[PDB]
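S.K.: fold the following and give me the result.
(4 chains)
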Amino acid sequence: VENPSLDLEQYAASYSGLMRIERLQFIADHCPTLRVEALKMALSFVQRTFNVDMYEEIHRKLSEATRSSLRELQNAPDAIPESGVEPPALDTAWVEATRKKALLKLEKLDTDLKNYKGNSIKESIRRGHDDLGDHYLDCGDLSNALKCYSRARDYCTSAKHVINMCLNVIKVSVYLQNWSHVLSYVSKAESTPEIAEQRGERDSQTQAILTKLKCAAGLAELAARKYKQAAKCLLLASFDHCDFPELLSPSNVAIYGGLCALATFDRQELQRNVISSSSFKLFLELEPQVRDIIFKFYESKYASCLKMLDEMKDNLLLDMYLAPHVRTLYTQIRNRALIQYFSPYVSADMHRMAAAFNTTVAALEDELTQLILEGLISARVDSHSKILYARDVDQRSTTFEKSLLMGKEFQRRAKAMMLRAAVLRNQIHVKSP
Amino acid sequence: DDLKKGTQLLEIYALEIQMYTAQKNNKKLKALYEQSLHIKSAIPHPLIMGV
Amino acid sequence: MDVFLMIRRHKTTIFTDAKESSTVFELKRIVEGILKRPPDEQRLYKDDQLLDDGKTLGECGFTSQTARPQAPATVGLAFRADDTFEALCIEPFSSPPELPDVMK
Amino acid sequence: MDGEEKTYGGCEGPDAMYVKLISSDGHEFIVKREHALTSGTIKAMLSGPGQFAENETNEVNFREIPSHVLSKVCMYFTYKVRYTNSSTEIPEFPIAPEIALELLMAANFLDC
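M.R.: Numbers count the residues shown, from 1 in each chain, chains lettered A, B, ... in the order given. For reference, the structure is listed below:
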């Protein structure tokens, strides 16, 4: 469910434009306690660079949370914004002021763009394309933002111009649900600078370039239900960028890569990927709650590793992209921990497994039914003694019969091929239709 | 290629390692180890090299 | 981003490229170098309506969805025959010929 | 209102910057020079005729193309040049049934 304890300062200062507003509205619609602070910080962003599409949608949720008596927000707001803070309201003289001010800024930037083209300066044209691309995003023109970034590709002359241009197309391709275009642009941005310049950004590095190309591709791979490819590229990034102005927060890459590799890899693969690599150690050291999961999974401590998983589920559900992935990734981690636990055993007791997973005898019997059809193990449930036994066939029975069935189809398909080639000799083709 | 015994750029970084180890800060110890490879390629074998 | 417009005047179209929300006085300077005429004699119109020099194209109705490169918008042109405007109405294109009935 | 504009900028040029296309009904289609380089017959006229490539008298006489056919041809030249060297959305071109049969014969003549 929702969680009242959540830092909204870091979750809002990581992205900008439409991503900052959409990330704040999903928290207020899911968490009733974090609804006033979520709508107040989202309304403050509309003051800078006014618009008309995102100014009428935020106020629609504020009127349904204060005037309606069906929610808990009634004793404090009293159906009026005059309650402690003073968020920007919506009246008659406000829908017109938010449209005339936004149009005035568009005429000033469009007039200056025509003057920069006549001066034959490729530096003034590329700089003006970034200001026009981010202006059409908050207004509502999703198609006009891609036309400004596409025209700046012909004004490049350095390696920094290609990286800054390719990063802008990814932001527009996210709203359009174009996951195939993001994977096709991260490869071009990695061959031009030859991975963090040609010497490694002098000696000391403050903002790594490889981290920017590795963090933008992880968001498109996670939404496409590709946990195998997303967990193999997030381990090469290092904690050396100091937050992000328009990307994911550094406190979320450890969870995005830590939860994806926990469902596709076993215990031996985790000690060589997320442990042996020194690049992923800097991201796991910031959040100690994620590093203890790998250690508890290797020491055969499935009892304490499961209780810590549900404790952080309430905080991850408040997100926008990780929320729909709580029903597909959680079922795979629990299924993977049960297969690795039954590998050394062969006759596990139902009374001992029910007390280890903090369950009961009624819930343990239902878990064994979904572990044989979905899992890759081979166990037998003996209801006469409530003991998970094991009854497997002989190795020579499943091998001689499988090879004999394939040999019969091999001779049948070979003899049937001669019948098809027999009519093709005496000039007899297809004459049925 | 004459007399040795006298390094300042590596002595400052070596003094921060003995202090950061008491606070258990692996984020700063990893950055100081990469900067010590450039100085190691220009010094003989004194005492700071072993630190 | 960029929009294209056509300046038609008595069966004579003029293809001129301009910005989305640019000044109206900047568009008249481009036609000066191609027609050898002063910009003060030209008068730009939009659906039979006189425009102003202080306004811009974005405030009238020249958007990206209207003045698309695949289908531009008609822009009126009026010179100075004496002291007032000259042209105001133009002539549309011709009609397609008779299609071969043997193909249908 | 606001914003700095340029007097002699943008796409301003002399007589050699824009070309002329004479239709069959008396229309005069004056477009840019870079937009007429998509076809093959129009580009061959600028390279010739003739030992004078540039002379401020460039014109195109089309006695087989009327006015409604060349109207979509000039719009097709701008659509082809603008939607290149980029990576943005490309909308569909509205083609009429009575014009599609006429545009196919003009595309083979212009080598485009």
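S.K.: for residue D:89, give me its contacts.
M.R.: Residue D:89 is in contact with A:143, A:146, counting by C-beta atoms under 8 Å, 6 or more residues apart in numbering or on different chains. Yep, even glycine has a C-beta here, placed from its N, CA and C like the rest.
S.K.: would it count as being in a strand?
M.R.: No - per DSSP: H, G, I helix; E, B strand; the rest coil, residue D:89 lies outside any strand segment and is coil.
S.K.: what helix or strand is residue D:37 on?
M.R.: Per DSSP states H and E: residue D:37 is located in neither a helix nor a strand.
S.K.: surely residue C:5 is in contact with residue C:22?
M.R.: No - taking contacts as C-beta atoms under 8 Å, residue C:5 lies outside contact range of residue C:22: 10.9 Å.
S.K.: compare the two (neighbour count), which wins?
M.R.: The neighbour count for residue C:5 versus residue C:22, taken as other C-beta atoms under 10 Å in any protein chain shown, is higher for residue C:22 (25 against 20).
S.K.: I figured residue B:16 was touching residue B:32, is that so?
M.R.: Yes - the pair residue B:16 / residue B:32 is scored as a contact, 6.4 Å apart, by C-beta under 8 Å.
S.K.: which ones are touching the residue lying closest to residue D:93 once chain neighbours are set aside?
M.R.: Distances taken as C-beta to C-beta, 6 or more residues apart in numbering or on different chains put residue C:70 closest to residue D:93, at 5.5 Å, once the chain neighbours are dropped. By C-beta under 8 Å, 6+ apart, the contact list for residue C:70 reads D:75, D:78, D:79, D:91, D:93, D:94.
S.K.: among the residues you listed, which are located in helices?
M.R.: D:75, D:78, D:79 (DSSP state H).
S.K.: residues in contact with the first one?
M.R.: Meaning residue D:75. By C-beta under 8 Å, 6+ apart, the contact list for residue D:75 reads C:69, C:70, C:71, C:72.
S.K.: show me what the third one is bridged to.
M.R.: Read it as residue C:71. residue C:68 (DSSP bridges).
S.K.: in stretch C:56-69, which residues are buried?
M.R.: Using 16 or more other C-beta atoms under 10 Å in any protein chain shown as the test for burial, stretch C:56-69 gives C:56, C:57, C:58, C:59, C:60, C:62, C:63, C:64, C:67, C:68, C:69.
S.K.: what residue in chain B comes nearest to chain C?
M.R.: residue B:31 (43.4 Å; C-beta to the nearest C-beta).
S.K.: quick one: which of the ones in helices among the contacts of residue C:70 is nearest to chain B?
M.R.: Once C-beta to the nearest C-beta is applied, the member of those that ends up nearest chain B is residue D:79, at 53.5 Å.
S.K.: quick one: residue A:119 and residue D:9 touch, right?
M.R.: Yes - assessed by C-beta under 8 Å, residue A:119 is found in contact with residue D:9 at 7.2 Å.
S.K.: the two: who's more crowded?
M.R.: Using other C-beta under 10 Å as the criterion, residue A:119 and residue D:9 rank with residue D:9 on top: 17 against 12.
S.K.: for that one, what are its contacts?
M.R.: A:114, A:115, A:117, A:118, A:119, C:26.
S.K.: if we go to 6 Å?
M.R.: Applying C-beta atoms under 6 Å, 6 or more residues apart in numbering or on different chains to residue D:9 gives the contacts residue A:118.
S.K.: and it, how far from chain B?
M.R.: 50 Å (C-beta to the nearest C-beta, to the nearest Å).
S.K.: do residue A:333 as well
M.R.: Distance of residue A:333 to chain B, given as C-beta to the nearest C-beta: 27 Å.
S.K.: burial count for residue C:54?
M.R.: 10.
S.K.: apart from its chain neighbours, what residue comes closest to it?
M.R.: Nearest non-adjacent residue to residue C:54 (C-beta to C-beta, 6+ apart): residue D:1, at 6.5 Å.
S.K.: burial count for that neighbour?
M.R.: With other C-beta under 10 Å as criterion, residue D:1 counts 11.
S.K.: excluding chain neighbours, give the residue nearest to residue 16 in space.
M.R.: By default, I'm working from chain A. Residue A:16 sits nearest to residue A:246 (C-beta to C-beta, 6+ apart), 5.0 Å away.
S.K.: um, chain D though
M.R.: In space, and not counting its chain neighbours, residue D:16 is closest to residue D:54: 5.3 Å by C-beta to C-beta, 6+ apart.
S.K.: what about the helices in chain D?
M.R.: D:41-47, D:68-82, D:97-109.
S.K.: highest average neighbour count across these?
M.R.: Counting by mean count of other C-beta atoms under 10 Å in any protein chain shown, helix D:68-82 has the highest mean neighbour count of the helices of chain D, with a mean of 20.
S.K.: now the angle between helix D:97-109 and that helix, please.
M.R.: 60 degrees (axes from the mean of the first three to the mean of the last three C-alpha atoms, to 10 degrees).
S.K.: now do helix D:68-82: distance to the chain's middle.
M.R.: Its chain's C-alpha centre and that of helix D:68-82 lie 6 Å apart, by C-alpha atoms, centre = their mean, to the nearest Å.
S.K.: return the nearest residue of the stretch 1-150 of chain A with respect to chain D.
M.R.: Proximity of the stretch 1-150 of chain A to chain D (C-beta to the nearest C-beta) peaks at residue A:118, 2.1 Å away.
S.K.: spatially nearest residue to that residue, not counting backbone neighbours?
M.R.: Nearest one to residue A:118, counting by C-beta to C-beta, 6+ apart, is residue D:9 at 2.1 Å.
S.K.: check which helix or strand the residue of chain C most remote from its centre maps to.
M.R.: Most distant residue from the mean C-alpha position of chain C: residue C:102, 40.1 Å away (C-alpha atoms, centre = their mean). For residue C:102, there is no enclosing helix or strand under DSSP H and E.
S.K.: and it, how far is that from residue B:37?
M.R.: Here residue C:102 is placed at a distance of 83 Å from residue B:37 (C-beta to C-beta, to the nearest Å).
S.K.: for the contacts of residue C:70, which one is nearest chain A?
M.R.: residue D:91 (9.0 Å).
S.K.: burial measure for the closest one, as a count.
M.R.: Neighbour count of residue D:91, defined by other C-beta under 10 Å: 13.
S.K.: measure the closest residue to it other than its chain neighbours to residue A:149 for me?
M.R.: Ranked by C-beta to C-beta, 6+ apart and with sequence neighbours excluded, the top spatial neighbour of residue D:91 is residue C:70, at 6.9 Å. Look at residue C:70 and residue A:149: by C-beta to C-beta, they are 21 Å apart.
S.K.: close to chain D: what parts of chain A are there?
M.R.: For chain A, the contact set with chain D under C-beta under 6 Å from any C-beta of the partner chain comprises A:108, A:111, A:112, A:114, A:115, A:118, A:146, A:147, A:150, A:154.
S.K.: cheers, nothing more for now.
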